[PDB]
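# Coordinate analysis (summary)
This is what each chain is made of:
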Amino acid sequence: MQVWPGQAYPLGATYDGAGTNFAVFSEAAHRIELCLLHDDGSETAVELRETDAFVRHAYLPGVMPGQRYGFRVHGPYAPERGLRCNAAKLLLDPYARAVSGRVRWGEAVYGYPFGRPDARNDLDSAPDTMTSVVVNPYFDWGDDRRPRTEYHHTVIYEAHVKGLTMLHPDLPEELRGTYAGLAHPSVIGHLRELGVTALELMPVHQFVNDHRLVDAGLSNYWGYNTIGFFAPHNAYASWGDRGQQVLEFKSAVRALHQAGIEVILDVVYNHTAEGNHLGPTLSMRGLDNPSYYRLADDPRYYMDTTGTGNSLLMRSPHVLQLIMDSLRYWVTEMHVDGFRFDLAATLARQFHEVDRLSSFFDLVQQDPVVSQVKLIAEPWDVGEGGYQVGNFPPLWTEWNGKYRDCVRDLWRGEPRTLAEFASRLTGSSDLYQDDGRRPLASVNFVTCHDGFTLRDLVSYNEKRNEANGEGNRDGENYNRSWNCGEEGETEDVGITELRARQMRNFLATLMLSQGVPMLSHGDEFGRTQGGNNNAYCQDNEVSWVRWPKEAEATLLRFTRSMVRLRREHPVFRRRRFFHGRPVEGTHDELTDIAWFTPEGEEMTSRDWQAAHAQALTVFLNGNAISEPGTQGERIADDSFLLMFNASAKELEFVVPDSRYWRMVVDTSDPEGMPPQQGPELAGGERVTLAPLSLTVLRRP
Amino acid sequence: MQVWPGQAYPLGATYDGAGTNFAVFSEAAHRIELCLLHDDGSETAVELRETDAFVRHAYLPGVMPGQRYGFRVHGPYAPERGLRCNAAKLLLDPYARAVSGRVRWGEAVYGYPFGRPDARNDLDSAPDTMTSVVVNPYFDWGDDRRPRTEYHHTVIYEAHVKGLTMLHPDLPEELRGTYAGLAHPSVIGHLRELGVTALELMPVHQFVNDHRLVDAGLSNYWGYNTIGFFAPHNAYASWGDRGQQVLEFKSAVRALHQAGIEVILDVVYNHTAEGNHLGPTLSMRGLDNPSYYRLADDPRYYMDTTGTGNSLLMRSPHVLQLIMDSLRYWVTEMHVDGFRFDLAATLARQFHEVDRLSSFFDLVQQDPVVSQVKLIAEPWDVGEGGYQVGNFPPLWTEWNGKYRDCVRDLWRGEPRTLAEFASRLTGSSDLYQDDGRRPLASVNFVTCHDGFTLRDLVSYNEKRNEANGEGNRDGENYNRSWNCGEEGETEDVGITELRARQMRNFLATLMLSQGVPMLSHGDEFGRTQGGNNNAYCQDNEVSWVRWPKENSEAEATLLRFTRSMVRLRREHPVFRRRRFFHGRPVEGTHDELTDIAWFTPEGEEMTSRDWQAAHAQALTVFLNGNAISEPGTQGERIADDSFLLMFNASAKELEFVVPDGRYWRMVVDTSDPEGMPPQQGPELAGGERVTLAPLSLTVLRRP
């Protein structure tokens, strides 16, 4: 009942101690109403009249947080002109700092009558839809020391916010599956014992349960399909949904930085949950359709290049703004350490149909907030020629798809070249050069959420995604996976211990390779998705995490004692990866590395093209480490000796240099042998090595 | 020494409490040395070897602010390829946040042998160049009440740092013409008394006195030839040049802001002081010539659209970073509240012939520091289509040149269309909207450092820039002015009062015209340059401000006239409408209730054909003080007394009639020689005639 004009910046819900400033963009709306929602379901419509930059805005004192607010836009309803505004639907603030409730699917949330897509729907959208919230922006990050952990000291961990803690019998069933159950000391401590420096969560941006999904008993579980990029997802909030979740995720980040674990929340900006036409009408299509979504040359239909349904307009400057304003809000206000752009390949494509691609990596590389955080993405190829960009921000990294496809295609049985294999342990120096013209790292992974899990990775040759309901045609088809003898679990102990060390190999490869190793959550305990490699709608025992009570425990203390080895020996984590100098080393008795035959000699000019690159002996030196440290200190370390047997028949290797070596790891024995103490070796002496197995020696 | 790795961000020299972290962008250098200079000219070479994204960087612990550094770059000298590197010229860090010294012009700083322009010079440019200096960024902004005065309240004052406080008999000799002298209670007194709400600083980024001037008896007094966009110009500091100039500036904005006065600084971006080839190799030519300047068609030579030499390759990835990092270092480290873009017209012609132009007005649009501050610049006509940008930063303003050329043409006696002058008072609705598709303001000005001064505008018909040594072919050719009887200083009293009464017309028109006003340093006293209208090279008595003594009768009257026109504006809203006349018409609905209404000398409402008056000499604008349909800071109806503007640009007496039964109290008359805004006023009847001397104004007031 008291309306001041207020300010045009910042857009959204911003509370000035005893007032609130509301701002909403639209360049094609007629009139905007801000409907202050009451608990009894009544609308207190305040027309917003001050116009600046096509943003209507007004300030209401005495309107304190928890206040539920929406928008109503009267605009032209012409699907011929891309004008799909509607006054009946109560729109959502794209800068909603928090959102209450869930989508209750009905006729009302659709904005066209089910019979006619070009007709106008005039149902009230108000009770069924969600509801944006005025977030109290105060928070006490007490000693919030920003963990500036380096890339060459990082161990990422891909974990889901609900699927992680739903079954830990240590957390109250109150906090099970929730953001606070993330910052529980026992869980914050399970990573500390692993030795991970980077927690990369899945989308915490608030997402919508697909209509055609919940009406199938399922629910979007991963949720790369969002509506509001300024709010924690509310079904992960055990502290309620009336703005309290923002104090949740914030209380969970500070506790992570307490134990010095970074947060890397996942980010989708390649489509919106409103989907193509015939979808719902919730936030964007209603406020201003033709300058949030890229429309075809028939304004009635949205160009989905993938299956998503719609794509944002990456040339309309107000859309560029929601992205940089979205990224900045988390880094600064929720104190997040890096991002990862889902379908950054579909993302980086979209720009290049508006010339605006290489002008965006300029925006990234100039801004001080977003540049100096980790940006993790995936390689692409656009138009004709490739990336077609000049300057990659010098933290911008890719998930190495040609390393896992190279590792998976090693213990499987098929060949990768010894050249393909040399450059992969090396840290993919051939695809990611540190120049400042290419991504500067490789996020090595043997597995992630897409495709199998490490357990399923050696247990199936075809998927078993009939549980997704998509006719089994979905999901990665050629997982490059070998099942070790039979499909499904079988009792046969002969093969059941075969797999148990196949994962002891998949994990060891990841840790000794140069670069950034990433673990998917559950591959320490041996997590199984029932052969399902795309579990996006399995919000159940499929992608829950079973917590152990020996087999599942041997691998946990395998991983946890392996990660010790990575953190402890600097030849496996070289600040400048082998970007400069060759993979063989300039052959002499000083090089950082030199490759050997199981027979004993060095590889040679026409030896590097070994199609059956099954066996290898890689010697890394502990004194050729040509990098200064934190303070100009020469980082030094022992020399190590790797011996790979990606070949069934037992192989006999020979340790060169005549020097007392110590076997520090052996895949083949069942008790797990990072921790189990080992014997000394002489060097030169013939050793036998089990099939499909690794061994590593140590000497200063 | 002792060499640690360091980082690559932030570019430039940054003091760490115990160290200094250097970084320099050069994507074509082959190896970069850092040179720590002592006082006894000793260069300690430290080979920066770490290379992330073509930034060579190292961390030097124990290096302290005040320690002099520079860069030396080993790259190929092939101008047929465009590379003009030379290991022998002690470069400067483009990010250096305080610079010491001065160009000591000789053969050594130019980077080529004075016989051939295409060959290679090997002269040590270390004792003849400036030297970058590490700076301590700590400062105590106790309560920096950033005076975020809105555009309708803004009274902008264009001063020059030296040219404001050089001849003041209140400042000690120490602080005359400096930054700390800018912080004096005296000048801040005269800035408040006048009522300025934002002081505009002529170029403050360190600039290079052109060799063409230093071997000419002259020097670059303005400073539109800059080198390091991050440093206070050293020659303005009375405390020291090894870094300390940052500590003046901050304590200076500090003292200004406490008074409620913004700081809008002028920035020189269209060109760099190394200029075109045959120019001194100072900062960027040697580091990386390709990715700073706009070379084209032939590598050796620089696309010259700027007309002042080198342009700056607006698509280069680290040229966008240098500009944006330089804009906001002044807003969030020096606490500046706004900017002014010299030669924004040309800069937009450099930004668009790379097709990065639109990409920039989006880059300013999102950025929270550069967007939300006052952005002042020039109109332009780019390539094909004029503006050719979509949506402006909705704080973007222009220097309303079609205002001054329209009011100069008026009190000189030329027939600017009765519509061309309607919209100019009105808030310049026609050229400046508020959607976001055009600049959301109409910054007005009668005169400035470009062109005449206000006592010169009324005394000379042609420029007199002979003292510039450019043969008087430089300067605005027709300044649309008139000398008022005898060109120069006359003894004729009939002339001498005509001027100081024309000057009252020019100042008063300005202070009632909608939009955002602006004055230049000297007009409150009426400073004369001697008809010199481009005094860029007069660092002498020509453009210092003379301060009026106490027994200086006439000059003190203009000052007391000016100090109360700002009063009349800061005290009555009707002369500054939050949304200027931007939706409404320049006439209003011709009925009982309109914010505005235009009448005749003879006393009738002007007709639509009467809106086509070539000889548009006489006028009477009514503003309704109750028809202000704009909300308050809290939603109040802002209501006022009604005003009555009467103009006569004629040359004989014209009798006006007061259009409005009720009564009017005359509050401003220009023909009065005592000065009316600081005087009393008779009562006009409400229909009675008034005799109005030629070239004179009258404002009446009534609640």
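Criteria and thresholds
- Residues numbered from 1 in each chain as written, not as in the entry; some residues may be left out.
- Chains lettered and ligands numbered in written order.
- Heavy atoms only, no water.
- Residues with missing side-chain atoms left out of burial classes, pairs and counts.
- Domains from an automatic or database assignment.
- Pairing = 2+ DSSP bridges.
- Helix = DSSP H or I, 4+ residues; strand = E, 2+ residues; numbered from the N terminus.
- Axes fitted to C-alpha atoms, helices over the stretch in contact; angles between N-to-C directions.
- Salt bridge = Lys/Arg side-chain N within 4 Å of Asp/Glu carboxyl O.
- 1 Å grid on protein atoms, 1.4 Å probe; cavity = no way out; pocket = protein on both sides within 12 Å on 5 of 7 lines; lining within 4 Å.
- Points joined across faces, edges and corners; volume = space filled by probe spheres on them.
- Nonpolar A, V, L, I, M, F, W, Y, C, P; charged D, E, K, R; others polar.
- Patch = residues over 30% accessible without salt bridge, like charges linked within 9 Å, V, L, I, M, F, W, Y side chains within 5 Å.
- Areas by Shrake-Rupley, 256 points an atom, 1.4 Å probe, with all protein chains shown as cover.
- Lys, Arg positive; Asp, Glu negative; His and termini not counted.
- Charge placed at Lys NZ, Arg CZ, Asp CG, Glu CD.
- Buried < 20%, exposed > 50% of the residue type's maximum accessible area, 1.4 Å probe, protein only.
- Parallel < 35°, antiparallel > 145°, perpendicular 65-115°, else oblique.
- Contact = heavy atoms within 4.5 Å.

Looking at the method and resolution fields of the entry, one finds X-ray crystallography and 3.5100 Å.

### Examining the domain arrangement of chain A
We note that the domain assignment places domain 1 (1–136), domain 2 (137–576) and domain 3 (577–700) within chain A. Placing the centre of domain 1 of chain A and that of domain 3 of chain A at their C-alpha centroids yields a distance of 63 Å.

### Comments concerning the sheet that holds strand β15 (residues 262–267) of chain B
Residue and element names in this part refer to chain B. One open sheet accounts for seven strands, arranged β20-β19-β18-β15-β12-β11-β21; its pairing is parallel. Of all strands in the sheet, those bounded by a partner on one side alone are β20 (396–398) and β21 (518–520). Across the sheet, the axes of successive neighbouring strands diverge by a mean angle of 25°, strand direction being ignored. Bridge count for strand β12 (residues 198–201) against β15 is four bridges, and the pairing is parallel.

### Section: the sheet that holds strand β3 (residues 43–48) of chain B
Residues and elements named next belong to chain B. Pairing is antiparallel across the open sheet formed by five strands, whose spatial order is β3-β2-β6-β10-β9. Edge positions in the sheet fall to β3 and β9 (99–100), since each of these pairs with one other strand and no more. Summarising the sheet, strand β6 (residues 68–74) and strand β10 (residues 131–133) pair through two bridges and their orientation is antiparallel. Its bridge partner lying in β10, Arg 68 is registered against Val 133.

### Notes on the pattern of salt bridges
Residues and elements named next belong to chain A. Scanning the model with the defined rule gives 76 salt bridges over all chains in all. Here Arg 300 makes a salt bridge to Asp 118, at a shortest N to O gap of 2.9 Å. Of this pair, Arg 300 sits in the loop between α5 (284–288) and α6 (317–334) while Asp 118 sits in the loop between β10 (99–100) and β11 (131–133), and the two are 182 residues apart along the sequence. Between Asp 657 and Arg 699 there is a salt bridge, with its nearest N and O atoms 3.8 Å apart.

### So, empty space enclosed by the protein
All names here are of chain B. Taken as a whole, the largest cavity encloses approximately 190 Å³ of empty space. Along the walls of the largest cavity sit 18 residues, with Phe 341, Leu 347, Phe 360, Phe 361 and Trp 396 positioned nearest its centre. Elements represented by at least two residues in the lining of the largest cavity include exactly α6 (317–332), α7 (344–352), α8 (357–366) and β19 (374–377). By residue class, the composition of the lining of the largest cavity is 18 nonpolar, no polar and no charged.

### Side note on a negative patch on the surface
Residue and element names in this part refer to chain B. Negative charge collects at one region of the surface, where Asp 591, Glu 602, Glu 604, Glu 605 and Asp 610 lie side by side. With respect to the helices and strands, the residue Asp 591 is situated in the loop between α13 (553–570) and β22 (596–599). Given the relative accessible area of 47%, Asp 591 is considered partly exposed.

### Here we look at the packing of helix α4 (residues 244–258) of chain A against α6 of chain A
Residue and element names in this part refer to chain A. At a closest axis distance of 11 Å, the pairing of α4 and α6 adopts a crossing angle of 60°. Between α4 and α6, the angle falls in the class oblique. Within the contact between the two elements, α4 uses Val 246, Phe 249, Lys 250 and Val 253 and α6 uses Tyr 329, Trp 330, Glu 333 and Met 334. Of the residues belonging to the contact of α4 with α6, the class tally is six nonpolar, no polar and two charged.

### Some details on helix α11 (residues 418–425) of chain A
Because an α-helix packs 3.6 residues into every turn, residues spaced three or four apart end up facing the same way. Residues and elements named next belong to chain A. For α11, the buried fraction is high: six of the eight residues fall into the buried class. What α11 keeps buried is the set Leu 418, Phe 421, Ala 422, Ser 423, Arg 424 and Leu 425. Packed against the buried residues of α11 are α10 (401–411), β20 (443–445), β22 (593–596), β23 (615–620) and β24 (639–645). At the C-terminal side of α11, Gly 427 shows a positive phi close to 95°.

### A few points about unusual backbone geometry
Negative phi characterises most residues that are not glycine, and trans characterises most peptide bonds. Residues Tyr 9 of chain A and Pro 10 of chain A are joined by a peptide bond in cis, for which omega reads 0°. Locating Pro 10 of chain A in the fold gives a position in the segment before β1 (14–15). Unusually for a residue other than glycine, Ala 53 of chain A sits at a positive phi of about 55°. Note on placement: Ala 53 of chain A falls in the loop between β5 (50–52) and β6 (55–59). Relative accessible area serves as the criterion here: at 25%, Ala 53 of chain A is assigned to the partly exposed category. Its identity as a non-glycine residue notwithstanding, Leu 343 of chain B has a phi of 55°, on the positive side. Along the chain, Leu 343 of chain B turns up in the loop between β18 (338–341) and α7. Residue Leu 343 of chain B is classed as partly exposed on the basis of its relative accessible area of 28%.

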